[PDB]
42 protein chains.
Amino acid sequence: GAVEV
Amino acid sequence: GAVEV
Amino acid sequence: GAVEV
Amino acid sequence: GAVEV
Amino acid sequence: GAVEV
Amino acid sequence: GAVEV
Amino acid sequence: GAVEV
Amino acid sequence: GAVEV
Amino acid sequence: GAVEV
Amino acid sequence: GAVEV
Amino acid sequence: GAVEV
Amino acid sequence: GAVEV
Amino acid sequence: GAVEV
Amino acid sequence: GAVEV
Amino acid sequence: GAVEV
Amino acid sequence: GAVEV
Amino acid sequence: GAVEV
Amino acid sequence: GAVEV
Amino acid sequence: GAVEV
Amino acid sequence: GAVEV
Amino acid sequence: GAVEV
Amino acid sequence: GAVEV
Amino acid sequence: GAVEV
Amino acid sequence: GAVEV
Amino acid sequence: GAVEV
Amino acid sequence: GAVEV
Amino acid sequence: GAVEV
Amino acid sequence: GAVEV
Amino acid sequence: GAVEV
Amino acid sequence: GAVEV
Amino acid sequence: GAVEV
Amino acid sequence: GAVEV
Amino acid sequence: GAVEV
Amino acid sequence: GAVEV
Amino acid sequence: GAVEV
Amino acid sequence: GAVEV
Amino acid sequence: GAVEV
Amino acid sequence: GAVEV
Amino acid sequence: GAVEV
Amino acid sequence: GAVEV
Amino acid sequence: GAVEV
Amino acid sequence: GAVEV
Ligand SMILES: *C(=O)Cc1ccc(-c2ccc(-c3ccc(CC(*)=O)cc3)s2)cc1
Ligand SMILES: *C(=O)Cc1ccc(-c2ccc(-c3ccc(CC(*)=O)cc3)s2)cc1
Ligand SMILES: *C(=O)Cc1ccc(-c2ccc(-c3ccc(CC(*)=O)cc3)s2)cc1
Ligand SMILES: *C(=O)Cc1ccc(-c2ccc(-c3ccc(CC(*)=O)cc3)s2)cc1
Ligand SMILES: *C(=O)Cc1ccc(-c2ccc(-c3ccc(CC(*)=O)cc3)s2)cc1
Ligand SMILES: *C(=O)Cc1ccc(-c2ccc(-c3ccc(CC(*)=O)cc3)s2)cc1
Ligand SMILES: *C(=O)Cc1ccc(-c2ccc(-c3ccc(CC(*)=O)cc3)s2)cc1
Ligand SMILES: *C(=O)Cc1ccc(-c2ccc(-c3ccc(CC(*)=O)cc3)s2)cc1
Ligand SMILES: *C(=O)Cc1ccc(-c2ccc(-c3ccc(CC(*)=O)cc3)s2)cc1
Ligand SMILES: *C(=O)Cc1ccc(-c2ccc(-c3ccc(CC(*)=O)cc3)s2)cc1
Ligand SMILES: *C(=O)Cc1ccc(-c2ccc(-c3ccc(CC(*)=O)cc3)s2)cc1
Ligand SMILES: *C(=O)Cc1ccc(-c2ccc(-c3ccc(CC(*)=O)cc3)s2)cc1
Ligand SMILES: *C(=O)Cc1ccc(-c2ccc(-c3ccc(CC(*)=O)cc3)s2)cc1
Ligand SMILES: *C(=O)Cc1ccc(-c2ccc(-c3ccc(CC(*)=O)cc3)s2)cc1
Ligand SMILES: *C(=O)Cc1ccc(-c2ccc(-c3ccc(CC(*)=O)cc3)s2)cc1
Ligand SMILES: *C(=O)Cc1ccc(-c2ccc(-c3ccc(CC(*)=O)cc3)s2)cc1
Ligand SMILES: *C(=O)Cc1ccc(-c2ccc(-c3ccc(CC(*)=O)cc3)s2)cc1
Ligand SMILES: *C(=O)Cc1ccc(-c2ccc(-c3ccc(CC(*)=O)cc3)s2)cc1
Ligand SMILES: *C(=O)Cc1ccc(-c2ccc(-c3ccc(CC(*)=O)cc3)s2)cc1
Ligand SMILES: *C(=O)Cc1ccc(-c2ccc(-c3ccc(CC(*)=O)cc3)s2)cc1
Ligand SMILES: *C(=O)Cc1ccc(-c2ccc(-c3ccc(CC(*)=O)cc3)s2)cc1
Ligand SMILES: *C(=O)Cc1ccc(-c2ccc(-c3ccc(CC(*)=O)cc3)s2)cc1
Ligand SMILES: *C(=O)Cc1ccc(-c2ccc(-c3ccc(CC(*)=O)cc3)s2)cc1
Ligand SMILES: *C(=O)Cc1ccc(-c2ccc(-c3ccc(CC(*)=O)cc3)s2)cc1
Ligand SMILES: *C(=O)Cc1ccc(-c2ccc(-c3ccc(CC(*)=O)cc3)s2)cc1
Ligand SMILES: *C(=O)Cc1ccc(-c2ccc(-c3ccc(CC(*)=O)cc3)s2)cc1
Ligand SMILES: *C(=O)Cc1ccc(-c2ccc(-c3ccc(CC(*)=O)cc3)s2)cc1
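Residues numbered from 1 in each chain as written, not as in the entry; some residues may be left out. Chains lettered and ligands numbered in written order. Part of a larger assembly, values for the part shown. Heavy atoms only, no water.

1. Quick word on the sheet that holds strand β1 (residues 3-4) of chain AD
Reasoning step 1: Taken in spatial order, the seven strands of this open sheet run β1(AA)-β1(Z)-β1(AD)-β1(AF)-β1(AI)-β1(AL)-β1(AO), and their pairing is parallel. Each end of this open sheet is capped by a strand with a single partner; those strands are β1 (3-4) of chain AA together with β1 (3-4) of chain AO.
Reasoning step 2: Pairing of strand β1 (residues 3-4) of chain AI with strand β1 (residues 3-4) of chain AL involves two bridges; the strand directions are parallel. Looking at the pairing, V3 of chain AI lines up with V3 of chain AL of β1 of chain AL. (Pairing = 2+ DSSP bridges. Helix = DSSP H or I, 4+ residues; strand = E, 2+ residues; numbered from the N terminus.)

What follows is the structure, given as structure tokens:
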């Protein structure tokens, strides 16, 4: 539950 | 979750 | 969740 | 959740 | 939730 | 979140 | 959130 | 939130 | 919130 | 998150 | 239920 | 997350 | 339920 | 439930 | 995560 | 999970 | 998991 | 549940 | 796991 | 559940 | 569950 | 017709 | 017709 | 028709 | 038609 | 439809 | 429809 | 659709 | 579809 | 449809 | 589809 | 469809 | 038609 | 599909 | 479809 | 499919 | 049609 | 399909 | 498929 | 059709 | 399909 | 398949 672009 | 399109 | 389109 | 279009 | 169009 | 199309 | 189209 | 079209 | 079109 | 198409 | 842009 | 197409 | 852009 | 871009 | 196509 | 498309 | 497409 | 690009 | 496509 | 690119 | 490129 | 966003 | 995003 | 993103 | 991303 | 995208 | 996008 | 572009 | 581009 | 993408 | 590009 | 991608 | 990514 | 490119 | 990719 | 490229 | 990635 | 890849 | 390249 | 990657 | 790869 | 390359 973590996407940092 | 983390969904990026 | 996190949804980005 | 978080929805971004 | 958070909806942004 | 759910996205239909 | 839900998005239909 | 829900968005229909 | 709901948005119909 | 789920994305349908 | 959080979207900050 | 799940993505259908 | 978190999207920060 | 986290997407930071 | 699962991706269908 | 983390889904990026 | 971590899915990147 | 982690993708950082 | 870690899936990269 | 970790992909860092 | 680890791919770093 | 079409839908944008 | 088409859908964008 | 088509879907983008 | 087609799907992109 | 014809899509010029 | 023809879409010029 | 038919685009005469 | 048919594009006359 | 014809897609010019 | 048929593209006359 | 013809896809020019 | 086709799917990209 | 048929591309006349 | 014909795909020009 | 048939590409006339 | 085809799938890319 | 014909794929030009 | 048939490519006329 | 084909699959790439 | 014919694949030109 | 048949490539006329
Ligand atoms: C009880 O109160 C303690 C406790 C511990 C953990 C949880 C969680 C439920 C779901 C979690 C989670 C969501 C997303 C992500 C990032 C993407 O996968 C990680 C973990 S933690 C609830 C209660
Ligand atoms: C009691 O407090 C223990 C507990 C732990 C976790 C949960 C959850 C229920 C649903 C969860 C969830 C929903 C969506 C997402 C977004 C993408 O995956 C993550 C986690 S955690 C309930 C009770
Ligand atoms: C009691 O307090 C334990 C508990 C823990 C979690 C929950 C949840 C119910 C629904 C949840 C949820 C909904 C949407 C999202 C957005 C994307 O996933 C995340 C989590 S948590 C209820 C009771
Ligand atoms: C009692 O207090 C425990 C508890 C915990 C959570 C809930 C929830 C019910 C609905 C929730 C929710 C709705 C929408 C969103 C937006 C996107 O997901 C998130 C969470 S939490 C009720 C009782
Ligand atoms: C009692 O107090 C425990 C409890 C907890 C949560 C709720 C909720 C009912 C509806 C909720 C909700 C509605 C809309 C949104 C917006 C997007 O999701 C979020 C949460 S919380 C009731 C009782
Ligand atoms: C009882 O009184 C304690 C309690 C705890 C939590 C809740 C909640 C219900 C819904 C919640 C929620 C809505 C939106 C978001 C952001 C987007 O998902 C997060 C949590 S908290 C009610 C009562
Ligand atoms: C009881 O009162 C304690 C408690 C704990 C947690 C909750 C929650 C329900 C839903 C939650 C949630 C919503 C959105 C997000 C971000 C996107 O997924 C995270 C968590 S917390 C309610 C009561
Ligand atoms: C009880 O009150 C303790 C407790 C612990 C955890 C939760 C949660 C439910 C859902 C959670 C969650 C939502 C989104 C994310 C980010 C994306 O996946 C992580 C965790 S925490 C509720 C109550
Ligand atoms: C009690 O607190 C122990 C516990 C631990 C974990 C959970 C979870 C339920 C759902 C989870 C989850 C949902 C979505 C994602 C996003 C991608 O995978 C990650 C994790 S954790 C509940 C209770
Ligand atoms: C109790 O607290 C022990 C425990 C440990 C782990 C879990 C989990 C349930 C679901 C998990 C998970 C979901 C999605 C992903 C994303 C990709 O894989 C990772 C992990 S952990 C529940 C209870
Ligand atoms: C109790 O705390 C011991 C324990 C240990 C591990 C787990 C897990 C459940 C699911 C796991 C997992 C899901 C997805 C991925 C992504 C790719 O593989 C990794 C690990 S760990 C539960 C309880
Ligand atoms: C109990 O509370 C202790 C405990 C220990 C470990 C876990 C985990 C469940 C799933 C985990 C996990 C998810 C993703 C990854 C990266 C990709 O595979 C590694 C581990 S840890 C829960 C509770
Ligand atoms: C109990 O709380 C101690 C404990 C120890 C280990 C775990 C794990 C479950 C899954 C793990 C894992 C996920 C991904 C990777 C990288 C790719 O394979 C390594 C390990 S650790 C949970 C609880
Ligand atoms: C029984 O199947 C009746 C039937 C047949 C075909 C259809 C169609 C719905 C949408 C179609 C379409 C839209 C756009 C394009 C390309 C753009 O011009 C091709 C086809 S055919 C509905 C009911
Ligand atoms: C039985 O299926 C009756 C029937 C057949 C076709 C349709 C259609 C609905 C929408 C159509 C369409 C819209 C746009 C385009 C491209 C733009 O000009 C092609 C087709 S056909 C409805 C009922
Ligand atoms: C029963 O299935 C007979 C039948 C056949 C085809 C259709 C069509 C639906 C949409 C069509 C279309 C619209 C536009 C264009 C070019 C763009 O302007 C091509 C095709 S044909 C309905 C019923
Ligand atoms: C029963 O299946 C008979 C039948 C055959 C074909 C169709 C069609 C649906 C959509 C068609 C189409 C639309 C546009 C174009 C070029 C673009 O403008 C080609 C084909 S044919 C319906 C019923
Ligand atoms: C029985 O199967 C009736 C039938 C046959 C065919 C279809 C179609 C729906 C959509 C079609 C289509 C759209 C676009 C294109 C390329 C763009 O022009 C080709 C075909 S055919 C529906 C019902
Ligand atoms: C029963 O299966 C008979 C049948 C055969 C073929 C079809 C078709 C559906 C879509 C078709 C198509 C649309 C566009 C193009 C070129 C692009 O514009 C080629 C083919 S044919 C339906 C029923
Ligand atoms: C029984 O199978 C009826 C039938 C036959 C064929 C189809 C089709 C649906 C979509 C088709 C298609 C779309 C695009 C293209 C290339 C682009 O023009 C080829 C075929 S055929 C539906 C029902
Ligand atoms: C029963 O299976 C008879 C049958 C045979 C073939 C088809 C077709 C579905 C899609 C077709 C197609 C569309 C476009 C093109 C070139 C591109 O525009 C070639 C083939 S044929 C349906 C039923
Ligand atoms: C029984 O099998 C009826 C039938 C036969 C064939 C099909 C097809 C669905 C999609 C097809 C297709 C699409 C694209 C291409 C290349 C691009 O033009 C070739 C074939 S045939 C459906 C039902
Ligand atoms: C029963 O199996 C009879 C039959 C035979 C062949 C087919 C076909 C499905 C798709 C076909 C196709 C589409 C496009 C092209 C060239 C590209 O445009 C070649 C073949 S034939 C369906 C039923
Ligand atoms: C019984 O098997 C009916 C049948 C026969 C053949 C098919 C096909 C589905 C897709 C096909 C195809 C697509 C593309 C290409 C190359 C590109 O043009 C060749 C074949 S044939 C479905 C049902
Ligand atoms: C029963 O098995 C009879 C039969 C035989 C062959 C087929 C075919 C499926 C796909 C075919 C094909 C499509 C395209 C091309 C050239 C490219 O455009 C060659 C072959 S034939 C279906 C049923
Ligand atoms: C019984 O077996 C019916 C049958 C026969 C053949 C097929 C086929 C599915 C896909 C085929 C194919 C696609 C591409 C190519 C080369 C490109 O043009 C050759 C064959 S044949 C399905 C059902
Ligand atoms: C029963 O087995 C009869 C039969 C025989 C052969 C086939 C075929 C499936 C795919 C074929 C094919 C497609 C394309 C090409 C050249 C490329 O475009 C050659 C062969 S034949 C199905 C059923």
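2. Overview of the interface of chain AM and chain AP
Reasoning step 1: Contacts between the two partners involve five residues from chain AM, matched on the other side by five residues from chain AP.
Reasoning step 2: Carbon and sulfur atoms supply 60% of the area buried between chain AM and chain AP, which totals about 360 Å² over both sides.
Reasoning step 3: Looking at the side of chain AM facing chain AP, the largest losses of area belong to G1, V3 and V5 of chain AM, adding up to 77% of the total buried there.
Reasoning step 4: Inspection of the chain AM/chain AP interface yields zero salt bridges. (Contact = heavy atoms within 4.5 Å. Buried area = accessible area lost by both parts, 1.4 Å probe. Salt bridge = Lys/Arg side-chain N within 4 Å of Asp/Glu carboxyl O.)

3. Quick word on the site of ligand 11
Reasoning step 1: Taken together, the neighbourhood of ligand 11 is formed by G1 of chain Q, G1 of chain S together with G1 of chain T.
Reasoning step 2: Near ligand 11, the surrounding residues belong to chains Q, S and T.
Reasoning step 3: Residue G1 of chain S places a main-chain N or O atom 2.3 Å away from an oxygen atom belonging to ligand 11.
Reasoning step 4: In isolation ligand 11 offers 530 Å² of accessible surface; the protein chains occlude 15% of this area. (Near = heavy atom within 4 Å. Polar contact = N/O pair within 3.5 Å; in protein donor to acceptor, adjacent residues only side chain to side chain. Areas by Shrake-Rupley, 256 points an atom, 1.4 Å probe, with all protein chains shown as cover.)

4. Thoughts on the nonpolar core
Reasoning step 1: The biggest cluster of nonpolar side chains holds 13 residues, and the ones touching the most others in it are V3 of chain B, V3 of chain C, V3 of chain D, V3 of chain F, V3 of chain G, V3 of chain J together with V3 of chain L.
Reasoning step 2: Those residues in contact with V3 of chain B that sit more than four places away from it in its chain are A2, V3 and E4 of chain C, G1 and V3 of chain J, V3 of chain L together with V3 of chain P. (Core = buried A, V, L, I, M, F, W, Y, C linked by side-chain atoms within 4.5 Å. Buried < 20%, exposed > 50% of the residue type's maximum accessible area, 1.4 Å probe, protein only.)

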